[PDB]
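Since the structure comes first, as structure tokens, the remarks are kept for the end.
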Amino acid sequence: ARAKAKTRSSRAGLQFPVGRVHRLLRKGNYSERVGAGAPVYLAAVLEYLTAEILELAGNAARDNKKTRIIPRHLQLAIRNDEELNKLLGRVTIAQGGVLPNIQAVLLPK
Amino acid sequence: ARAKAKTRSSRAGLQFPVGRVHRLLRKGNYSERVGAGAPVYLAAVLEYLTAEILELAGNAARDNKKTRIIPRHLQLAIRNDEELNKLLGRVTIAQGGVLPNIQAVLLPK
Amino acid sequence: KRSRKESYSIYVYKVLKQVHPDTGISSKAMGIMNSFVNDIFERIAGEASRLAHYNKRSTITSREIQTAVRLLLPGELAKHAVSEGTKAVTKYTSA
Amino acid sequence: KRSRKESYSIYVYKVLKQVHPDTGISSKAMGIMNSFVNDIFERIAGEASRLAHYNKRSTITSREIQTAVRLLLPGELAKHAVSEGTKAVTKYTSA
Amino acid sequence: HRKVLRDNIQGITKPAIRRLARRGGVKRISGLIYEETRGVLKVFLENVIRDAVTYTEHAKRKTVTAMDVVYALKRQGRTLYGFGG
Amino acid sequence: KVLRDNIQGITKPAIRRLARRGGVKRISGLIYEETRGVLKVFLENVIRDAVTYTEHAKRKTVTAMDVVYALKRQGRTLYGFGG
Amino acid sequence: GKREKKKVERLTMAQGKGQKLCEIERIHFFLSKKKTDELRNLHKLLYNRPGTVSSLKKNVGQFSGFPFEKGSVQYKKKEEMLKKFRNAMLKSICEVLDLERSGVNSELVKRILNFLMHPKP
Amino acid sequence: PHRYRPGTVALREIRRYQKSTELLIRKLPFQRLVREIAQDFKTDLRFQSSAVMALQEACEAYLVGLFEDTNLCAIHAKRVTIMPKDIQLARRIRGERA
Amino acid sequence: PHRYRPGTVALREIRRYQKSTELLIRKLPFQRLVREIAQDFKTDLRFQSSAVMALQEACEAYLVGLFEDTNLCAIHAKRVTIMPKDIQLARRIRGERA
DNA sequence: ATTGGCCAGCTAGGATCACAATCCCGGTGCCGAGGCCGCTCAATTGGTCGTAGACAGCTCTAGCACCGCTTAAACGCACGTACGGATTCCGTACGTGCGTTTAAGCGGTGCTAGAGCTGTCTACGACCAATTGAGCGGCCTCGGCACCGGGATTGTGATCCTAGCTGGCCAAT
DNA sequence: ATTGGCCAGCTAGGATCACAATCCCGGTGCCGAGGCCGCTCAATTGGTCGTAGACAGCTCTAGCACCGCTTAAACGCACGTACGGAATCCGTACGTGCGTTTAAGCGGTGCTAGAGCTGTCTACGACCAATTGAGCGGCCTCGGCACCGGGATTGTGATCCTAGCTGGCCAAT
């Protein structure tokens, strides 16, 4: 009489938990009522962004011949990508250091 | 059987409407529940700030020998007061213009 | 009879009379003050909201407003505002 | 048994396996991602909340998230994110 | 009904920029700066209008109301007082 | 106990290292007093906000979460501490 | 499809028709006998700008006259420097060039310049 | 015969346009500009006048502050003429970017 | 006998401290500083280590960005030595202020 | 043959003159600010319910304090190059002021899309209980990698060799 | 008989060498990343019920379009002078390196405040219904203020006057 419980996530084809998002939205009193598709869409968005970051960072890792992502590879990924750097420009990433930038003038001739 | 209705405002000794504040707080879904003293305190704060602004502006008006506050007076009041300028530093006041500031170097000698 | 839009004008005008009885105020100025009041209110209330979720707490009481104020207003404003608010809420509870 | 703190780590891990099967991730990185996800989520949700009060509307539906996204993410992110979200919610409604 | 208003940015004329600079306290201005500052401006307005029209599209209105513009600026971190914000 | 005059603990070479990370090649000996004063200011603000959250919670340990939230208020969000 | 990986953009900040003054042995003798600091006013006239006091002895000694012709705009530009000089320094410029030390200011201008158009022994 | 030494009238002009508040850009050209911009995001939009007016206040304020900062830079280089490298600098430091 | 021309080792140092991430300020002095500051707001405070660590990450990041901007200014004055007038400028433009 | 003074001429600074800009004083009218009125909706008042949160008590994590040893970093000094910054000069690119062109501003009319409100209704979400499997913590382990050491490469500064000019001696002059 | 070619000495550019900073490669041993398991509770599922928001229909405010005078502003060009910026040369302050001093870091131990949890209970706020008067919009009216004409004052630019210096000839040496 009871259909096999499958998480809304599965219904959506996402890795991020939709139900968790939903719960947070209602626990955040963002509005008295939260539509059903809102947590789905939101989860999808977050998932996408995460995917993007992790892709770039891992790329940068293969460039350091490093198999495992550490905070520097995130800093590199982000700052080297203009779109994210705009998104995360006010953000300081602990243990991230800086993007190597020696101003042209400073180099001797 | 019914006590003479006197606005909470009166009970507080404020000019800003406390009840209006209350209503907004609950209509803003800041939280499922809003304590009784919160709108009082908030109204008082707003009232104070308003009072401060108007005081300074009106001062500046008597310095322009102008009896009636216009946006320029507000701009003058705010920018000349450090504490507010810090509060309202990201704010652009329509019809406010600029605080007269000719950099020393620019003046001839 | 049409939808009527709430503002704060009349209260600002009362305040002003308490501060500068001889002085009036232009409509434009009033629009500035309306916007300003709304903005301050929004900042404080939003701060309170977040500072209450931060504590896994559900209710904004005088303590949250007070804290929010201290955070937002710099120095002398913070002091005087806090003091005044305390005074007012005291007087409210007394009656 | 004591109070357990929710994070997103495991999901980030799954995503990462989809993107770079050979690659792992340090705990510190995971703390970054947790914070990041939370921050993005907060920005979007808060935007949605305000954009819903703005319209005297009570409910955050796909439309509000979509709008909020468009506002926050600049350009190509906005486009791809919107498209993906639409896809996902479509797939959800279909089943 | 529908007319393209192309190449209208030159309407931000040289003397207008000169007046704005004077408001800034700028005493002396290169003659080449004007095309730069038009480009700057265009960028700014692009962003603002983007956000404004976004809001409008959400509200399903077809007219960007002042309330939209102010709210857009507010997100730009550049709050504007004096329009019902 | 009253800790006093600890700002000299931001020793000259440490400022030099931070500058190098900035890409600064040459540093006038006057920078040090300026950058200490700047830094003291910064801390004052951050710590005032953090302490204020602490006070509100009635905890007495300033907690990493409080620092992150303070920064978040300043527009200086910090990732990597449980934000 | 996938995004394109848009990279960030960052804000990053004279030997004309004469003999050389070293080949004109009397002028070479004067240029060797005077201190190098006397030559500055001559090199200013020769190039419309004096160079380093380290190179200044070379800069005057290697000069072999102007490529120009008298009455031309470059000749008028030499008259500008010579008219902005003063009679004592003009007579010193005459002396080191082996020119005779008499003349009114305008004669000193034209006589120095007529020589420096075609310097010869 | 009368001719102000260059930079005098300029200083008078500064004192004037700071004492004053009125809109420094002609309204109708700015309006047509705004519409030109909108034309890329949505076809046949309609703007309340008030909206345009708001946009103008914002735009003007932004540029004014930009020139203030730019001037600061320019003076700091011991120059007086502000140049594009000074604006680009101002923006780069504000965190606005090309 | 070996002696690097002034500014060489400096450039090597830059390449090093940018390739690296480790904390540039000694931890214990910074800690004692933080406590000194707190002493004005509340007596006998206790800081989780993590909190101190966070503050350090923040303060370092802030200063680093400050020097980046400052350097920009300094170069823009055709100088190379950054001077307090360049920091003050940077802050004034960021909207930080004295 | 040289040195000092005289007449004429020139240039700099302090002053004088003229004019425009700025300001100030007072009269004018006009329109937006400010007051009054009736209505209505939002604020207020009273009684009820429960549940959020204050408070107290317990556990034990983790923050504090302190010590000693090692050692890298900090400090202080000597030294010298490169740099900042002052100086000068030059070219021209700005600024300023004419006359001219032009399109901004204003007011008016006409048109109507579309803002805004209201009523219908129902698709959607809140709420509840019952279900359960996804997610958390603990633990175990095992590969990634930071470190070390040898070898290789590169980069930097130090050095030598040669080409050129200048000075002295012997031979030529 | 004296000094210009010959050789010797000095200097600058190219080539060369030393050597030490960086890189590359293997090996190694560490411990944090990652998997597994069992338990928990938040996610799921179905049903019910109110309810707010999509939708059509409406009225009309407000945006858009077009027109024609009236200026004010934008424009283009001439003229010139203050500026930017290339050159230059000084002092020196900031780097670099060395040797000595300091205390950061580790790690290890001991102590205890107070974080975090749970349980109690209770004041406080949500809620509802009834009440009502504060606040709104519409009308009106009238004083502040923009303006403008005439003076008065100041700031600017152009000009004159007083002063010191320079050149050729005459007088004295």
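Taking residue I:42 as the anchor, which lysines have their alpha carbon closer than 19 Å to its alpha carbon, excluding any fewer than eight residues away along the same chain?
C:79, F:1, F:40, F:58, F:60
How large is ³J(HN,Hα) for each residue in the stretch F:21-36, as worked out from phi by the Karplus curve 6.51 cos²θ - 1.76 cosθ + 1.60 (θ = phi - 60°), to whole Hz, x for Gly and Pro?
4, x, x, 8, 8, 9, 10, 6, x, 6, 3, 3, 5, 4, 5, 4
For residue C:60, enumerate residues with amide H under 5 Å from its amide H, sequence gap 5+ or separate chain, H modeled in the peptide plane.
B:33, B:35
Over all distinct Cα pairs, what is the inverse of the mean 1/r for chain A, reported as the Kirkwood hydrodynamic radius in Å? Mind dumping the intermediate values first?
On the way: mean 1/r = 0.0588 Å⁻¹.
About 17.0 Å for chain A.
Straight-line reach only, C-alpha to C-alpha below 18 angstrom: list the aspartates and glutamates that residue E:3 could link to, leaving out same-chain residues fewer than 8 apart.
The reachable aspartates and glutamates, counting only those whose Cα sits under 18 Å from residue E:3, are H:36, H:40, H:44.
For the stretch D:9-58, state which trypsin sites (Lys or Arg not before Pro) are in a DSSP loop and have at most 14 other beta carbons lying within 10 Å of their beta carbon.
Of the trypsin sites (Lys or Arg not before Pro), the ones in loops of the stretch D:9-58 whose Cβ has at most 14 other Cβ atoms within 10 Å are D:56.
Test of the criteria: in the stretch D:1-62, which chymotrypsin sites (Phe, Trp or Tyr not before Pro) are in a DSSP loop and have at most 12 other Cβ atoms within 10 angstrom of their Cβ?
In loop regions of the stretch D:1-62 (DSSP not H, G, I, E or B), there are no sparsely surrounded chymotrypsin sites (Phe, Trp or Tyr not before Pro).
Got a sec to turn the phi values of the stretch H:82-93 into Karplus ³J(HN,Hα) couplings, 6.51 cos²θ - 1.76 cosθ + 1.60 with θ = phi - 60°, whole Hz, x for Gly and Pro?
5, 10, x, 4, 5, 5, 2, 4, 3, 4, 3, 6
Using a label point 7 Å beyond Cα on the Cα-Cβ vector, give me the inter-copy distances for residue D:17 in nanometres, one decimal, shortest first.
The projected label point of residue D:17 is separated from its counterparts by 7.2 nm.
Ignore the peptide's own chain and count Cβ atoms of other chains within 10 Å of each Cβ in G:78-91; give me the average, rounded. It would help to have the intermediate numbers written out before the result.
Working: counts 0, 0, 0, 0, 0, 0, 0, 0, 0, 0, 0, 0, 0, 0.
Per residue, the number of nearby Cβ atoms from other chains is 0 on average.
Can you list the residues, at least 5 places off or on another chain, whose amide H is less than 5 Å from the amide H of residue F:26, using H built in the peptide plane?
Those lying under 5 Å, H to H, from residue F:26 are I:82.
For chain C, take the alpha-carbon Rg, divide it by the Kirkwood Rh, and send me Rg/Rh.
Reported Rg/Rh (Cα atoms, Kirkwood Rh): 1.04.
Which ³J(HN,Hα) values, rounded to whole Hz and listed in residue order, are derived for the stretch D:25-37 from phi using the Karplus coefficients 6.51, -1.76 and 1.60 in 6.51 cos²θ - 1.76 cosθ + 1.60 with θ = phi - 60°, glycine and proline given as x?
Working through the residues one at a time gives 8, 7, 4, 3, 3, 4, x, 4, 4, 3, 3, 3, 3 Hz.
What are the nm distances, shortest first, from residue D:93 to its equivalents in the other copies, labels at 7 Å along Cα→Cβ?
Its label point is 5.2 nm from the equivalent points in the other copies.
Have a look at I:38, I:6, I:73 and report the one farthest towards the positive end of the charge dipole of chain I, computed about the Cα centre with Cβ charges (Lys/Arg +1, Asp/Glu -1).
Selected residue: I:6.
Please report I:2, C:53, D:20, H:76 as a ranked list, fewest other C-beta atoms within 10 angstrom at the top and most at the bottom. Intermediate results must be reported in sequence, preceding the final value.
Numbers: I:2 3, C:53 15, D:20 19, H:76 22.
Ranking I:2, C:53, D:20, H:76 by Cβ neighbours within 10 Å, fewest first, gives I:2, C:53, D:20, H:76.
State the Cα centre-to-centre distance between the stretch D:67-95 and the stretch A:1-42 in whole Å.
Measuring centre to centre over Cα atoms gives 16 Å.
Quick check on my link table: of B:27/C:56; E:14/G:7; B:27/C:87, which ones sit more than 32 Å apart, alpha carbon to alpha carbon? Numbers along the way, then the final one.
Values: B:27/C:56 21 Å; E:14/G:7 34 Å; B:27/C:87 27 Å.
Table pairs above 32 Å Cα-Cα are E:14/G:7.
Based only on other Cβ atoms within 10 Å, what is the fewest-to-most ordering of F:79, G:75?
G:75, F:79
For peptide B:58-66, compute the average count of partner chain beta-carbon atoms within 10 Å of each residue's beta-carbon.
Mean number of neighbouring Cβ atoms from other chains: 2.
Once you average over the residues of H:25-31, how many Cβ atoms of partner chains fall within 10 Å of each Cβ?
For peptide H:25-31, the averaged partner shielding equals 4.
How many nanometers, to one decimal and shortest first, lie between the label point of residue I:40 and those of its other copies, if labels sit 7 Å from Cα toward Cβ?
Result, one decimal in nm: 4.7.
With 10 angstrom as the radius, rank I:79, H:46 by how many other C-beta atoms surround their C-beta, starting from the fewest.
Ordered from fewest to most neighbouring Cβ atoms within 10 Å, I:79, H:46 come out as H:46, I:79.
Any idea how far the Cα center of the stretch G:65-121 sits from the one of the stretch A:87-105, in Å?
First find each Cα centre; the distance between them is then 63 Å.
Please find, among residues of chain D, the one with the beta carbon closest to the rotation axis relating it to chain C, distance in whole Å.
Spelled out, residue of D and its Cβ distance from the axis onto C: D:46, 4.
Excluding residues on the same chain fewer than 8 positions from residue I:78, give the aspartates and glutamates whose Cα lies under 19 Å from its Cα.
Hits, sequence-local ones excluded: H:69, H:86, I:68, I:69, I:86.
Bear in mind these aren't lab numbers, they're just calculated from the coordinates by the rules spelled out. Reconstructed Cβ throughout: ideal geometry from the backbone, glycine too, with neighbour counts over all protein chains shown.
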